[PDB]
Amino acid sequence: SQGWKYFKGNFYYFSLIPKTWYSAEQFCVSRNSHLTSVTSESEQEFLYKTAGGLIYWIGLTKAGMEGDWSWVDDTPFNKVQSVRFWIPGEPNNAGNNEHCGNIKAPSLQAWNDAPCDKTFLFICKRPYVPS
């Protein structure tokens, strides 16, 4: 399938069809991928530049009893290094119901929490495995 863009050892798929957060993750899984994690400034830059003006689900979701933010691809969540990537004022847990995360703003400060059952475009990430 076309639509996979390469960046630093991973391919990224910016969807054309919007889905709920979990239905997006399931699509990514059906393509041997996961909703993308973000672990560096250059990766965040790649994502929001490619996103343009559109909102995309990423692999941010609350997990555990405490509801700490986590990555669906099981990258350990680094709160210290992730603080710089939220939109100012986010996450705000509007309605006490915003348990998933999307990229929203055209900036390094781009993440927003939103209800998992809302439909948005989404970004899958899968590693390249050279022989």
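Position 1 is the first residue in the sequence shown; the rest follow in order.
- When the C-alpha B-factors of 67-75 and 88-96 are averaged, 88-96 comes out higher.
- Comparing the deposited coordinates for 104-112 and 6-14, the stretch with the larger average C-alpha B-factor is 104-112.
- Across 33, 37, 40, 26, the greatest Cα temperature factor reported in the deposited entry is at 40.
- Sort the modelled residues of the chain by CA B factor and residue 82 lands in the middle third.
- The PDB entry assigns residue 47 a C-alpha temperature factor belonging to the middle third of its chain's modelled residues.
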